[PDB]
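Report on one structure; see the data block that follows.
In this chain, residues are counted from 1 in sequence order. Values below: all heavy atoms of this structure, side chains included; hydrogens, waters and symmetry mates excluded.
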Amino acid sequence: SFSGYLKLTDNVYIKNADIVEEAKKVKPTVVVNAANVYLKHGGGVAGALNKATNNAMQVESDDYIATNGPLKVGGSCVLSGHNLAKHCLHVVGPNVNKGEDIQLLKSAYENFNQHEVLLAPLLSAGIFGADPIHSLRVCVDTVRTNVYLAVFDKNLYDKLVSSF
């Protein structure tokens, strides 16, 4: 199970960790990917998770898009977790750097409520351009299931904990 996490609330936990290394260690039931609507896992968390699967996540994702079309911003899909987890929940948070409505971040986090426990990054943080402090606030106020947040950056992790 999950180790070294700081408990923020009854159901939200946080750790300064690389989500790829965390996933390879825990092999959780669900790892969340910070996906885009096209499931093009180029950079950030998505690029890192996909690289850890030796591109198997991208091959599976391209077949999913060919069949279903793009996801909605705020939406998700469950695909294989490959060598990282049983499943990967690909969740699309709004990308502020594309002018997407930050109000969609709550809808994005609501996808986590369909899973009893998840290993996840902060949605819309990093290259998605949102304020990670705001993302953590929306996470705590939206997710009711057990979410283990992995924050890659130590300095951001310390800021998130100290300002919580």
Return yes if some donor-acceptor pair links the side-chain N/O of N113 with the main-chain N/O of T142 below 3.5 Å, else return no. yes

Donor-acceptor pair, side chain of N95 and main chain of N36, under 3.5 angstrom: no

Examine the side chains of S61 and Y38 and answer whether a donor and an acceptor come within less than 3.5 Å of each other. no

Gap between atom CD of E100 and atom CG of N97 - 0.5 Å precision: 9.5 Å

Are there over 12 heavy-atom neighbours, none belonging to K98, within less than 6.0 Å of that residue's NZ? yes

If you compare all heavy atoms of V20 against all heavy atoms of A52, which two are closest, and at what distance to 0.1 Å? CG1-CB, 3.5 Å

So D141 and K106, salt bridge (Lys or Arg N to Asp or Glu O under 4.0 Å) or not? Walk me through it. CA-CA 9 Å; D141 292 344; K106 190 171 180 75; over 6 Å; no

Measure from the ring center of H115 to the ring center of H87 and say whether it is less than 6.0 Å. no

Backbone N or O of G42 within a donor-acceptor pair of the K40 side chain at under 3.5 Å? no

dist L49:CG -> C88:SG (nearest 0.5 Å) comes out at 6.0 Å

Tell me if the CD atom of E21 is crowded by more than 12 foreign heavy atoms within 6.0 Å. yes

Sorted by chain and number, sequence neighbours left out, ring pair (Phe, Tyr, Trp, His ring centres under 6.0 Å) with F2 holds for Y5, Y148

From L123 atom CG to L149 atom CG, the distance as rounded to the nearest 0.5 Å: 8.5 Å

Which donor-acceptor pairs under 3.5 Å do side chains of residues 157-164 form with protein atoms, sequence neighbours excluded?
unit_1, atom_1, unit_2, atom_2, d
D158, OD2, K154, NZ, 3.1
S162, OG, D158, O, 3.0
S162, OG, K159, O, 3.3
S163, OG, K159, O, 2.7

Could you tell me which residues satisfy salt bridge (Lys or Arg N to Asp or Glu O under 4.0 Å) with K25, sequence neighbours excluded, listed by chain and number? none

Hey, could you give me the CG/OG1 distance between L79 and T53, rounded to the nearest 0.5 Å? 11.0 Å

